[PDB]
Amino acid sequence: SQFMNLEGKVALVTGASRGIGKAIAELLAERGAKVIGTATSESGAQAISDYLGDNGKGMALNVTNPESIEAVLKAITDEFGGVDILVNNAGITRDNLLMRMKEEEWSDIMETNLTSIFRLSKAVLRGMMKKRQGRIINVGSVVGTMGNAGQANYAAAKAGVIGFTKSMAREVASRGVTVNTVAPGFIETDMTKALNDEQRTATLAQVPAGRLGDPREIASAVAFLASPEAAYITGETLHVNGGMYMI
């Protein structure tokens, strides 16, 4: 139908070889977008090409490297036209209580989870503004809003993503580009699957929904914000956390 239809849009989803990033890339494709998903290695890139088939392709992308960013985008633009939707999902954790937290654990989190957004957003914004149409959607975290012990770095970067989102939203609203954040809670992934029973039960104790989120549930919120129907939403943080936190 004409409802949340992304035919004619070109979407770039970073960190799309598995879990949330994969779900996003698949759902945007299913809604009609041409999707370029990225991974850190070529084998991941290939896995992305494999699941996307005729709806898009996989590329190798180092989100902390300007040269990689410039090369990946040139290839997209050459083949598909300018990016209409950017989903910043690439991200890592380097957990530790502050007194154990290395300089590199802090800086790597800042570079990968916050500075990347600045670089990638900057690389796509010009075309979006000239076309008077765009979506930038950042995959944040409940931890950005809630805070969490042992994750001061991750929390700082993810909260930073929101300050960036709000400022960019103001900057580009009049030109028809929205900028928003989706903030997952505890979503079932490989990382959460590796947790032991105690750890999972403990975390479930803080989720009124009494279960973990599915990656497809984050994907749905992303495709919603990516849609023409979400044009009047900007500078927003959409929380998908089973009631873990309520703002």
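Residue numbers run from 1 along the displayed sequence.
- Set 233 to 241 against 17 to 25 and average the Cα temperature factors; 17 to 25 ends up higher.
- Higher average CA B factor: 194 to 202, of the stretches 44 to 52 and 194 to 202.
- Residue-level inspection of the entry shows that, of 218, 61, 35, 207, 61 has the top Cα B-factor.
- Highest C-alpha temperature factor among 72, 155, 169, 137, as the PDB entry reports it: 72.
- Ranked by C-alpha B-factor against the other modelled residues of its chain, residue 164 falls in the lowest third.
- Per the deposited record, the Cα B-factor of residue 39 falls in the highest third when ranked against the other modelled residues of its chain.
- When the CA B factors of the chain's modelled residues are split into thirds, the value for residue 88 lands in the lowest one.
- Among the modelled residues of its chain, residue 99 has a C-alpha B-factor that falls in the highest third according to the deposited record.
- Per the PDB record, residue ranking by Cα B-factor puts residue 113 in the middle third of the chain.
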